[PDB]
Amino acid sequence: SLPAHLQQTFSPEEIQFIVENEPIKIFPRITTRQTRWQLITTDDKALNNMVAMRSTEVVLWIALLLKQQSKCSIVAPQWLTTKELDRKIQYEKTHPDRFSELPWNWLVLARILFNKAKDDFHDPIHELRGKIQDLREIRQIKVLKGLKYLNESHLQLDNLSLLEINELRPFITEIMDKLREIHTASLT
Amino acid sequence: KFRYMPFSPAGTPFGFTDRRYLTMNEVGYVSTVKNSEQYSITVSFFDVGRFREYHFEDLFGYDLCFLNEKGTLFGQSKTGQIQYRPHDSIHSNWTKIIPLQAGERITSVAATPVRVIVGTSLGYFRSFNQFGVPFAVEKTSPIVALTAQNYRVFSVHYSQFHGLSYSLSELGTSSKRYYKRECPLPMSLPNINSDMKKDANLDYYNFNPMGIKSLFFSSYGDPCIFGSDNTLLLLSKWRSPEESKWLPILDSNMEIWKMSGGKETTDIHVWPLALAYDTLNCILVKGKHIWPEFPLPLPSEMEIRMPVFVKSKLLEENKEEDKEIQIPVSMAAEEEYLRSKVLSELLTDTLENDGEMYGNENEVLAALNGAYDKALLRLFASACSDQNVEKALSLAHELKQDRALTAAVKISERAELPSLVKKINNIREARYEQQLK
Amino acid sequence: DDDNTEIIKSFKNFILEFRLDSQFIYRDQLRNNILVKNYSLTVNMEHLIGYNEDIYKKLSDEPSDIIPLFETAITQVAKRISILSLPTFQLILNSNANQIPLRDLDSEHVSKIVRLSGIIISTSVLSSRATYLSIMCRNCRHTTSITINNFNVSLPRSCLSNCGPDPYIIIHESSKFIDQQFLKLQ
Amino acid sequence: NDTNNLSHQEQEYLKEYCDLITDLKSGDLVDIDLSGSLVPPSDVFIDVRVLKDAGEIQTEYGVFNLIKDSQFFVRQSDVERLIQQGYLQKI
Amino acid sequence: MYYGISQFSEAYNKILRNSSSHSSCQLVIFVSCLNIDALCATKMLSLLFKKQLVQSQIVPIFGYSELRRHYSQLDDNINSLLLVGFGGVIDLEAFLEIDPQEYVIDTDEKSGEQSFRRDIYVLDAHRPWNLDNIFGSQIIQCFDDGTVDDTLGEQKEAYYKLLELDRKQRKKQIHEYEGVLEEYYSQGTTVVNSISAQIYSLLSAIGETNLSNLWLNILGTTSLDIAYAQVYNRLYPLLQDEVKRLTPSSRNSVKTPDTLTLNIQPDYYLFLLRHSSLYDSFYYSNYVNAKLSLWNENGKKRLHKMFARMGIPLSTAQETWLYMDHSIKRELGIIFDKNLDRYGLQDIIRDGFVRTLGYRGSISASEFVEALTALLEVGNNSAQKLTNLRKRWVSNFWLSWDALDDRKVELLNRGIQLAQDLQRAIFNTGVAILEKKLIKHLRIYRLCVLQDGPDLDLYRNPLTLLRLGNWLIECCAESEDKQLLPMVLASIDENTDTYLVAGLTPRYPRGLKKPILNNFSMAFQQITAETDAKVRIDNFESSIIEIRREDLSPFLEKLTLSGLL
């Protein structure tokens, strides 16, 4: 019935779909305030009451839908700037086991905004693309150290992103399950 | 030494380049590029739904420009040649050349829906209708800046022999009325720094020898100006000449100082655009040249706050490396109460004379009154905790709602001040009698 | 003295920055090679030329001298992307320059990069060359070490710690080696 | 919701299960196409190129004429079934 | 009916309004394949409409024969239709099966304007205009740059008066207007403007200008330079202004992997300079062959002699231009100033547009169009075979369309690899034609017929045939000062037993003033109307025809006997 590759996990398309439901801040280039939108899964007042160059908050999928045309501009999140990413890299280097406290959707949102909204950043984009890479590489080192503690009981993780978890899910759970089977078989 | 020059609202010099911005406002901006012996002009809008961006070629080398949501006005300061362009096609554009004395030049131009205005270095004022029919000529101080919003017009004038001054008028189609005529202006001058510092920003002062960075009407028609000291000034109570007064409402330097963690990031500059209620629209410019370039960077938004703080005291209170400095709650509450008071008064004056535009601004005024009493209650509670009954009682007079006075009674009980509970209840009874009357 | 550091800095910044569209192709290749314990990098000439033609000019003029500098630059990047020990990495090249027929090679081509083709007709057995090597001083019994690299060396004679005219011998018990092979092209 | 390799019990089994699927797909819950696509909707409008000459055809949104190697700019929610059938490509 | 430059905007508005409904595909584009300007024009339009969310279909078309077929089958709800790159020369209301009474919705009582259920728009650079389309029609709507009201006074007058007139005075007036119209008609065929250029003006009007649209403007324009030099030269200054206007500030900054630039710098009339080698660039140049006679050894030795004097070692001149030494690359711009004069070859120097994106290296517009044309030519009883061939040629339209995208540079490189082989094969046929002296020098025109070849199939496509013709025309233009003549070129096919024939004009040298006109159109039409012969005329370019094996000689006999040449 359901496809074989969706029995236990989410595909990256579903991960993008999940991230798209979050709110985001925009500057509209038109006034809607005095037809009306009449949505059923969100607030409707914000879109009906827009005024040009007045900041407002909407779901990300509608924000990208507007930015496809001239009618909107997207404000970048404050963590997505050179100063903050510098500090997070320094945190990563300083604490060789803890993960730095980046938001749960950082990879997905960065790789959406760099494609759909390359024109709306303040920093030069060719530097952000480097610092995002540095963060992902350091985190991958820390992941490879952690896979030596798979065990029969449990594990704790902190600040690991959704896409990063979903990348690893079928390996961690499978090896952990077999260690559990081997151990309990000796008890019985 | 001073010398007269042309101006337009928030233009840029050419610098090293062959292009520049002529002017900016909330509606849009104008830019031009030089092509050997000719120029190309482009007009941009932020409301892309309501208007069309477009371009055309100028052979005459315009150096003056003025924009509104009806059209754009262009001028040449040496040749006296001018042109007005409606944003519609239906009313075709028209041109004229204005007489000038030897060495005389146009310093500024502006336009209402039906009036056209021109000023010169030799203090001559000339005016025409929307079809160039002349109306009147007048002789004044030399004009250095002009701005307009519907029928309300705001002017600035300067002379070696008469000082710095301003005028305010309303060109009503029913009748034309003056509210102020060349009355003295308290603005901060830049000349001392230009003469002493030799900062290599001299080109900006050549481009703008007055150093008046920009000026515009608020989103509710208040006259506003941004000084060479990088401070925002607003004229209050202009409807009442014995009460009219200039108010300093925001210092940009103080904001960057706090934002940088108390540091001197002089590499950062603020370029203002327009005032929307309580919030400044501006560009944050970084590097050598203190003004923006192409393609246009995105704007920013910033709130006004009253000047009350001190660097050394806040450093002492404060005492990750760039973290913005922490402030005493007393300063925060005090600043809020002052800001709430000023905002409420300005909004009240607007409503008293011009009413609501949208039907909800009274709710904002109610919120401001709530914030005002809330801030006063914190300051009052501090005075009570200090056991200063005299100061606490003086503060209690300034509270509005009996809800707040009841809270003040509870605060006095926590402070264990039955004398103040008594005197507050005397005040509450007196004000209840005044409410019953 | 400083030129050796500027050149290494330049090739180091090449690997860390070359994007074509959205993938840092040399950072990804260098990481993916280490995971399967392959210590090498396959650079392409056309990308080097596109990045900065001056670097390619230096490489084209003096290859015997400059290839070792680029190899040590690769090692310096390999540590950052994988450590919070590794040998020196091998540089490998691809090119589309005009082939020279084997019969036309002559005295004009000595110490130049050459691209050619033919048929392999013979292969030697493998043999051992030294890279890191340790030394004992016969008189004072002091000890030191040397680092060889295989581009066109002999044992030194500046004795240390008189100490004698030719006092150095090799400690094979604490030295490192690599494989080498010979081939014939027809 | 061809036959020669299936055993006859399996040949009737498949028919029975098809009846069951169309029974679920009908009645209540009909508004969601249970046999439709399982990939989340990414875009409203797409460009599709015409791969097979099926001529003129009808669909719930309207009529199409599939002139070989012509290209449409059209909403995906319409042409999803034709892409699955194989008359169209997304380019 | 027609609209001018002062109101192209309004037709665009009407189209938006007219084709509003999302329940149906209310907008259709018909585009001529085997035309580069048409292709770029169409691409521009599709982007425009994309932004506006107008559902639409694009159909490529080969010729008249297919035009009729495609028109026939159309749905009634199709409010708007576009003809891009064809049809301006012909009576469309006559050609199509039209009665206006079948398409009128509403008649505006006030204006007398008839609103039709289907509006037909025409974009075509060809002239003269068919009078019926301009003056006569109410459904047909043509876009004109001012050629109609500039030119057509006498003709407009004549048309209307002749129409209205339906004894001495009557006879005089009807003979007068018959004379006017007959003088206007039966002129030679000519191209006067760029399609994409006109589109760019509309984009300017609206406010849709950006580097992606300006580069398509340049590409479209540039395709004219080989055959219509005059046109190109007229247009060129505008392009410089635009390129200088839209290029950003802070110029000559350091590279980044994202940095895109468009800039004016030297370009050379050398065949694909920045690919292959410097030596091949000179050796296969269409101009150099006419200037130094490279079909024989006394020409080839001149080229060796030149490189020896220029101070470039001949074994380095043959290296791949990317890998050629940096010093020669930067000194080349001065070496040419000292040496081309001695070989009479100074015309090689000129200015052109170059584009680069990130780290992947430069390309000029002149090289780009050769890549696109190569992809059109070689990309991958009798009626069925003709149908299969004409269907294969349409797939190459999409093989070229998908190469206008920066995400697909892989396909563009393939196009360049094909371009080199095409020019090689062309050169290896040109030398055979000249050395065996197959050109027959008749008194009125020059005749050449290919009865056999190394592979004659390559000339079965019209564009390849025109490339060979443009080779021979440069050779004939420079070989003698005398006798600028028309030329006829033909090639046999063993499967059809038909000759594919093309009629070609002369032209004046690059460095040298009204334009000439191609008159083979009326001549081929008149012989076709007269003749017994089995022939075909269905191509958009009427200067190309087809005829069976046995009928070539009587057709050419009747042609040379005619006074129309």
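Quick notes on this structure:
In this document, chain identifiers A, B, C, D and E correspond to the written order of the chains, with residue numbering beginning at 1 in each.
The rule is short, and it goes like this: a contact is a pair of C-beta atoms (placed from the backbone, for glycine too) under 8 Å apart; a residue touches a chain by one contact, two chains touch by 3 or more.
Here is each chain with its UniProt name: A = DNA replication complex GINS protein PSF2; E = Cell division control protein 45.
Counting hops only between chains that touch, chain C reaches chain D in a minimum of 2. The highest number of C-beta contact pairs joins the chains D-E.
Per-chain Cα centroids separate chain C from chain E by 55 Å. Taking each chain's centre as the average of its CA atoms, chain D and chain E sit 42 Å apart.
Note on chain placement: the centre of chain A and the centre of chain C lie 42 Å apart, centres being C-alpha means.
Centre-to-centre separation between chain A and chain D, using Cα means, comes to 33 Å.
Residues of chain E found to touch two or more other chains are 257. Touching of two or more other chains is recorded for no residue of chain A. For chain C, residues that reach two or more other chains under the stated contact definition are 17, 19. In terms of which chains touch, the assembly is arranged in some other way, matching none of the line, ring, star or all-to-all patterns. Under the contact rule stated at the top, the pairs of chains that touch are A-B, A-C, A-D, A-E, B-E, C-E, D-E. Touching chain C in their complex are the following residues of chain E: 257, 318-320, 322-323, 326, 358-361, 407. For chain D in complex with chain A, the touching residues are 38-40, 42. Within the complex formed with chain A, the residues of chain E that make contact are 51, 256-258. The touching residues of chain D, when paired with chain E in their complex, are 45, 49, 61-65, 67-75, 91. Per the touch definition, chain C reaches chain E in the complex via residues 17-21, 45-47, 49-51, 53, 57, 96-98.
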